[PDB]
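Engineer: The structure follows.
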Amino acid sequence: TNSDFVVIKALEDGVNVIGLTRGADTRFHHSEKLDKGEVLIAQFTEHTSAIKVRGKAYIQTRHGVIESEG
Amino acid sequence: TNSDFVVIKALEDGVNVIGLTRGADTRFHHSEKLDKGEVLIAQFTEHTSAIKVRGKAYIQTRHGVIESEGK
Amino acid sequence: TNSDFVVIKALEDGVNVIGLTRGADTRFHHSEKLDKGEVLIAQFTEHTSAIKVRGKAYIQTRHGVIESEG
Amino acid sequence: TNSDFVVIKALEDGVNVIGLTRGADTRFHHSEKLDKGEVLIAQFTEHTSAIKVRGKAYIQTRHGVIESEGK
Amino acid sequence: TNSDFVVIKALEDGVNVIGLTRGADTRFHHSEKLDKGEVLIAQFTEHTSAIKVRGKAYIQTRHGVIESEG
Amino acid sequence: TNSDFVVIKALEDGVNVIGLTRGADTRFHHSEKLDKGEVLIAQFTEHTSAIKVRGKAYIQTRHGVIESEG
Amino acid sequence: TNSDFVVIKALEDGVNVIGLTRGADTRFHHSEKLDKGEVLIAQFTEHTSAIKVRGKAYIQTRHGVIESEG
Amino acid sequence: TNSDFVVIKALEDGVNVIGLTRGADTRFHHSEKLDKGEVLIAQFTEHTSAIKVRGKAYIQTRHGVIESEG
Amino acid sequence: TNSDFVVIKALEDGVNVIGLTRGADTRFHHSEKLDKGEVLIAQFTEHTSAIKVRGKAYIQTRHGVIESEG
Amino acid sequence: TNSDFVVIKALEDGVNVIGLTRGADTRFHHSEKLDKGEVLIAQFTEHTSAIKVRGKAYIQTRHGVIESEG
Amino acid sequence: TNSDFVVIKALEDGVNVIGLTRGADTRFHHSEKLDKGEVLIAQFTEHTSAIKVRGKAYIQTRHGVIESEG
RNA sequence: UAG
RNA sequence: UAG
Ligand SMILES: N[C@@H](Cc1c[nH]c2ccccc12)C(=O)O
Ligand SMILES: N[C@@H](Cc1c[nH]c2ccccc12)C(=O)O
Ligand SMILES: N[C@@H](Cc1c[nH]c2ccccc12)C(=O)O
Ligand SMILES: N[C@@H](Cc1c[nH]c2ccccc12)C(=O)O
Ligand SMILES: N[C@@H](Cc1c[nH]c2ccccc12)C(=O)O
Ligand SMILES: N[C@@H](Cc1c[nH]c2ccccc12)C(=O)O
Ligand SMILES: N[C@@H](Cc1c[nH]c2ccccc12)C(=O)O
Ligand SMILES: N[C@@H](Cc1c[nH]c2ccccc12)C(=O)O
Ligand SMILES: N[C@@H](Cc1c[nH]c2ccccc12)C(=O)O
Ligand SMILES: N[C@@H](Cc1c[nH]c2ccccc12)C(=O)O
Ligand SMILES: N[C@@H](Cc1c[nH]c2ccccc12)C(=O)O
């Protein structure tokens, strides 16, 4: 329960924060839809070993800040 | 019990701080409602592996500060 | 017993520092009332995985300082 | 025995440093009274998961410094 | 679930973030395709011990920032 | 054996460095008397979970420096 | 899975990133060929205890940056 | 064997670095006499949970520097 | 597999990065030859507890940089 | 095998670096004599929990630098 | 395999880096000869708990830099 | 002010 | 001042 997390703020409506499955298989297991201004703070977990961000969003991680673009 | 935590201060009435379930399923298990000025300090836990904030709030984490402005 | 803690100083009478239960359920288990100037230094624990502060207070954590308002 | 600790210096007589019980119950298990100028350095422990300071005091923790104020 | 991760932002359509297999074999097990502006945040894992980036992308890791231009 | 420790230098004779008992009870288990200028460097232990200093002394801990006053 | 990693960006075609075997024996187990601008982010692993770069590349590690010359 | 240590340099003859017993009891188990200029680097251990310095000495610990007087 | 590593860049042909055996015996178990411009990134391992560099090379470690000379 | 170490450079002939026994007893178990300019790099260990330096020497530890005087 | 290490560069021919035995006994187990310009990077290990450097060399450790003299 |  |  003490894994790294990412912070995502939607800069438009309809931002998708997609969790990709951990393991031999890489598939979507959940897409969280964010409207403009909403903030998601999401860890890496047993089930999520990669996170894809689609849409305009501001992203903070341990490694710095970045914006995704639509 | 020594997991990371976030600090959330409501900037308006009716902010929701939503805990999303850890595991194969991603659903809401609790939404804490905050009125303007209230502060919630919340950990990641066995049950919560993601936190969604709806409404205007000031947020502090290990990675910096940010404001939500959804809704 | 080495988990993080938060410091809270009341800036008025009747501040409430509320422990929310750890686990599948999220309810109050204790509400600590602080009068003006009193300081509480409180850990996250087996029983408390979130803390809610109601009333005017100065708060320090590992992530910075912040004030709660009424 | 390597838990965090707090430093408290009394700025008047009759300062109370109160240990609150770890566990499902939250009650006092000890109040250490300090007279002006005395310093207490006290850990979080199996028995103590929150500490309340009543009266005027100067306090140092990992997260900085703060003064409690008395009535 | 607390391994390092990398941050990749596609700078053009068709970027490939390729996971190379951990172990005695070094083959591809997944290629994630990114459209311009999308961000992928990907850990090292049981199954992934090297990552290859094809296409123009901006990359953040623990050791600094870099742009691929393949 | 790697617990935190405090440094105490007596600034007058008869300074008392008091170890308070770990556990459900909080009583004195030892008081070390220090003559002016003597330095004591004392750990937290199985037996000592709080330290009280009585009399004028200069104290260093992980969290900074402070003087006790008599 | 939390071992250190190296970042390598080829500055010309034909760069080789060579994994040398962990253990009593030291031999090549894999050679990854990189075309100009491509980035490889590669861990030390059960199988790889040393990495050789041939050809012109820019390298980032925990200890700073360096360029190989081919 | 990776506990904290202290560094003590005698600034006069007859400095005493005293190890106080770990445990329910607090007594002396060893007093090391140092002559002017001698340096002792001493850890906390299974047997030593507090160190008292008597006489004029310069002391370095993790928490800063200080001098004993006698 | 997360032990320290060293980075070595040959500044001339015929540089030898020599691994010395861990254990009661200290012997050579591998000499890696590096030509000008090549970079070797090498860990301490089960089998290697000391590394010797012969010839002109630039070296980065945790403790700073240094050049060997032929 | 990763406890703290100290660095001792002899500033004159006949410097003694003395390992004092870990445990209930504190006695000398080894005296390493250094000639002027020699460097000894010495860990704390299962056998050595305190180190005494006699004679003129420059000493580095985690806590800073100091010279012993003869 | 993740203990501290030292970096030693010979400043003249005939430098000796001497590993002293871990344990109750302190003897030589190995002397590595370095000629001018050679670099040895050597760990503390099961067999080596102190290192003696004889001859002119430049030394880097976690605690800083120092030069040994013949 | 005990060792 | 031994290895
Ligand atoms: N009972 C919840 C409390 C909680 C912690 N963090 C949260 C964030 C959002 C909502 C609820 C929570 C839990 O242990 O997980
Ligand atoms: N139930 C999901 C929640 C989650 C965490 N991080 C995510 C990133 C994206 C999507 C969902 C998530 C999980 O525990 O893995
Ligand atoms: N008995 C409570 C005491 C406590 C710790 N942190 C708190 C925060 C708020 C309220 C009470 C507490 C517990 O161990 O969990
Ligand atoms: N016997 C108490 C001593 C203590 C430590 N920290 C405290 C804070 C307040 C009051 C008492 C204490 C305990 O071990 O928990
Ligand atoms: N299922 C993959 C997801 C993944 C993580 N990091 C990656 C890097 C590249 C491609 C896929 C991935 C894994 O657990 O390993
Ligand atoms: N025997 C005591 C020694 C001690 C350590 N720290 C102290 C602080 C005050 C008084 C005595 C002590 C113990 O191990 O706990
Ligand atoms: N299958 C290889 C992949 C790899 C990781 N790092 C490398 C460096 C060079 C070459 C291949 C690799 C391994 O797990 O070891
Ligand atoms: N097979 C060797 C590879 C190696 C690692 N570090 C080295 C340094 C020098 C020479 C070889 C190596 C080992 O695992 O130990
Ligand atoms: N034999 C003592 C040596 C020692 C370590 N630190 C000390 C401080 C003071 C006096 C003696 C010591 C012990 O292991 O504990
Ligand atoms: N075989 C020796 C190699 C070695 C490591 N560090 C050294 C320092 C000096 C001499 C030899 C060594 C050992 O494992 O311990
Ligand atoms: N055999 C001794 C070697 C040693 C390490 N550090 C020392 C300091 C002084 C004297 C000898 C030593 C030991 O392992 O403990």
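Within each chain, counting starts at residue 1; across the structure tokens, chains are named A, B, ... in the order shown, with ligands numbered 1 upward in that order.
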Among chain I, which ones does DSSP assign to strand (DSSP E or B) (computed from the backbone)? Answer as a count of residues only.

Structural biologist: 42

Engineer: Could you give me the residues within 9 Å of ligand 2, counting only C-alpha atoms (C1' of nucleotides) and all ligand atoms, as a VMD selection string?

Structural biologist: (chain A and resid 5 to 6 17 to 22 28 to 32 40 to 52) or (chain B and resid 20 to 27 47 to 51)

Engineer: What does the file look like for those residues with N, CA and C atoms, as an mmCIF file, in the first residue's frame?

Structural biologist:
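Written output follows (result_36.cif):
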```
data_model
loop_
_atom_site.group_PDB
_atom_site.id
_atom_site.type_symbol
_atom_site.label_atom_id
_atom_site.label_comp_id
_atom_site.auth_asym_id
_atom_site.auth_seq_id
_atom_site.Cartn_x
_atom_site.Cartn_y
_atom_site.Cartn_z
ATOM 1 N N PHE A 5 2.650 7.162 -6.402
ATOM 2 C CA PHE A 5 1.417 7.607 -7.012
ATOM 3 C C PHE A 5 1.676 8.774 -7.982
ATOM 4 N N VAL A 6 0.689 9.021 -8.838
ATOM 5 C CA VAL A 6 0.753 10.139 -9.770
ATOM 6 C C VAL A 6 -0.398 11.052 -9.430
ATOM 7 N N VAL A 17 -7.950 8.579 -17.597
ATOM 8 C CA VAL A 17 -6.789 8.072 -16.865
ATOM 9 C C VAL A 17 -6.976 6.563 -16.885
ATOM 10 N N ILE A 18 -6.122 5.906 -17.668
ATOM 11 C CA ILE A 18 -6.293 4.505 -17.993
ATOM 12 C C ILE A 18 -5.278 3.677 -17.199
ATOM 13 N N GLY A 19 -5.750 2.736 -16.381
ATOM 14 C CA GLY A 19 -4.876 1.742 -15.756
ATOM 15 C C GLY A 19 -4.629 0.530 -16.623
ATOM 16 N N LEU A 20 -3.360 0.235 -16.902
ATOM 17 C CA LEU A 20 -2.991 -0.953 -17.662
ATOM 18 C C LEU A 20 -2.630 -2.075 -16.696
ATOM 19 N N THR A 21 -2.980 -3.297 -17.056
ATOM 20 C CA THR A 21 -2.807 -4.435 -16.150
ATOM 21 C C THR A 21 -1.369 -4.802 -15.943
ATOM 22 N N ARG A 22 -1.064 -5.044 -14.670
ATOM 23 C CA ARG A 22 0.159 -5.753 -14.311
ATOM 24 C C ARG A 22 0.151 -7.192 -14.818
ATOM 25 N N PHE A 28 -6.368 -2.873 -20.759
ATOM 26 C CA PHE A 28 -7.028 -1.891 -19.929
ATOM 27 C C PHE A 28 -7.840 -2.626 -18.894
ATOM 28 N N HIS A 29 -7.773 -2.207 -17.641
ATOM 29 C CA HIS A 29 -8.731 -2.731 -16.688
ATOM 30 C C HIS A 29 -9.670 -1.665 -16.161
ATOM 31 N N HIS A 30 -9.276 -0.394 -16.275
ATOM 32 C CA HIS A 30 -10.148 0.690 -15.849
ATOM 33 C C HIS A 30 -9.760 1.981 -16.534
ATOM 34 N N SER A 31 -10.764 2.710 -17.007
ATOM 35 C CA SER A 31 -10.550 4.058 -17.494
ATOM 36 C C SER A 31 -11.370 5.036 -16.640
ATOM 37 N N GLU A 32 -10.689 5.933 -15.924
ATOM 38 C CA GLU A 32 -11.360 6.920 -15.096
ATOM 39 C C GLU A 32 -11.485 8.211 -15.879
ATOM 40 N N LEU A 40 -7.333 13.506 -9.887
ATOM 41 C CA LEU A 40 -7.170 12.124 -9.481
ATOM 42 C C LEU A 40 -5.754 11.917 -8.935
ATOM 43 N N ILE A 41 -5.644 11.203 -7.824
ATOM 44 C CA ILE A 41 -4.322 10.821 -7.281
ATOM 45 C C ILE A 41 -4.340 9.309 -7.220
ATOM 46 N N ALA A 42 -3.494 8.672 -8.020
ATOM 47 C CA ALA A 42 -3.615 7.247 -8.255
ATOM 48 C C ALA A 42 -2.273 6.575 -8.058
ATOM 49 N N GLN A 43 -2.266 5.521 -7.243
ATOM 50 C CA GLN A 43 -1.069 4.687 -7.039
ATOM 51 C C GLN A 43 -0.832 3.637 -8.126
ATOM 52 N N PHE A 44 0.418 3.171 -8.219
ATOM 53 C CA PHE A 44 0.710 1.876 -8.843
ATOM 54 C C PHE A 44 0.324 0.802 -7.833
ATOM 55 N N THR A 45 -0.192 -0.341 -8.303
ATOM 56 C CA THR A 45 -0.796 -1.327 -7.413
ATOM 57 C C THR A 45 -0.547 -2.750 -7.903
ATOM 58 N N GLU A 46 -1.089 -3.716 -7.152
ATOM 59 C CA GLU A 46 -1.110 -5.098 -7.588
ATOM 60 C C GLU A 46 -1.653 -5.235 -9.046
ATOM 61 N N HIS A 47 -2.729 -4.506 -9.326
ATOM 62 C CA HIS A 47 -3.415 -4.557 -10.626
ATOM 63 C C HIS A 47 -2.951 -3.580 -11.715
ATOM 64 N N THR A 48 -2.277 -2.495 -11.322
ATOM 65 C CA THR A 48 -1.880 -1.404 -12.247
ATOM 66 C C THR A 48 -0.372 -1.214 -12.229
ATOM 67 N N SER A 49 0.304 -1.525 -13.333
ATOM 68 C CA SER A 49 1.746 -1.270 -13.385
ATOM 69 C C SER A 49 2.107 -0.204 -14.441
ATOM 70 N N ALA A 50 1.105 0.269 -15.186
ATOM 71 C CA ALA A 50 1.292 1.417 -16.050
ATOM 72 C C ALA A 50 -0.012 2.240 -16.184
ATOM 73 N N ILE A 51 0.150 3.557 -16.351
ATOM 74 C CA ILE A 51 -0.971 4.460 -16.421
ATOM 75 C C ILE A 51 -0.827 5.302 -17.692
ATOM 76 N N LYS A 52 -1.891 5.324 -18.498
ATOM 77 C CA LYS A 52 -1.945 6.124 -19.725
ATOM 78 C C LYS A 52 -2.891 7.292 -19.553
ATOM 79 N N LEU B 20 -11.439 5.505 -4.087
ATOM 80 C CA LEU B 20 -11.705 4.458 -5.044
ATOM 81 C C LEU B 20 -11.062 3.168 -4.566
ATOM 82 N N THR B 21 -11.751 2.058 -4.785
ATOM 83 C CA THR B 21 -11.315 0.765 -4.231
ATOM 84 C C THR B 21 -10.021 0.254 -4.845
ATOM 85 N N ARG B 22 -9.110 -0.203 -3.983
ATOM 86 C CA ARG B 22 -8.006 -1.092 -4.405
ATOM 87 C C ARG B 22 -8.532 -2.425 -4.922
ATOM 88 N N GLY B 23 -7.812 -3.009 -5.875
ATOM 89 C CA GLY B 23 -8.116 -4.335 -6.381
ATOM 90 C C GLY B 23 -8.482 -4.358 -7.855
ATOM 91 N N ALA B 24 -8.937 -5.522 -8.314
ATOM 92 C CA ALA B 24 -9.350 -5.720 -9.703
ATOM 93 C C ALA B 24 -10.523 -4.792 -10.118
ATOM 94 N N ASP B 25 -11.372 -4.478 -9.152
ATOM 95 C CA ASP B 25 -12.474 -3.525 -9.288
ATOM 96 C C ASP B 25 -12.121 -2.091 -8.927
ATOM 97 N N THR B 26 -12.598 -1.138 -9.728
ATOM 98 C CA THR B 26 -12.434 0.266 -9.399
ATOM 99 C C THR B 26 -13.800 0.959 -9.232
ATOM 100 N N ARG B 27 -14.274 1.030 -8.000
ATOM 101 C CA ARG B 27 -15.567 1.646 -7.690
ATOM 102 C C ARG B 27 -15.409 2.621 -6.539
ATOM 103 N N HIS B 47 -7.860 -0.417 1.436
ATOM 104 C CA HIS B 47 -9.115 -0.199 0.708
ATOM 105 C C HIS B 47 -9.115 0.893 -0.340
ATOM 106 N N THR B 48 -8.154 1.819 -0.252
ATOM 107 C CA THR B 48 -8.108 3.003 -1.110
ATOM 108 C C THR B 48 -6.774 3.070 -1.842
ATOM 109 N N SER B 49 -6.814 2.908 -3.154
ATOM 110 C CA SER B 49 -5.576 3.000 -3.970
ATOM 111 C C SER B 49 -5.586 4.198 -4.962
ATOM 112 N N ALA B 50 -6.659 4.981 -4.892
ATOM 113 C CA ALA B 50 -6.823 6.219 -5.688
ATOM 114 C C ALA B 50 -7.866 7.100 -5.049
ATOM 115 N N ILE B 51 -7.650 8.423 -5.147
ATOM 116 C CA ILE B 51 -8.468 9.418 -4.516
ATOM 117 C C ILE B 51 -8.858 10.405 -5.629
#
```

Engineer: By least-squares superposition of chain D on chain B, using all C-alpha atoms in order, what RMSD in Å to one decimal is obtained?

Structural biologist: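 Per the least-squares fit, the RMSD is 0.5 Å.
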
Engineer: Report, in Å to a single decimal, how far apart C1' of residue 3 in chain L and CA of residue 67 in chain F are.

Structural biologist: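 Computed distance, CA of residue 67 in chain F to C1' of residue 3 in chain L, equals 27.2 Å.
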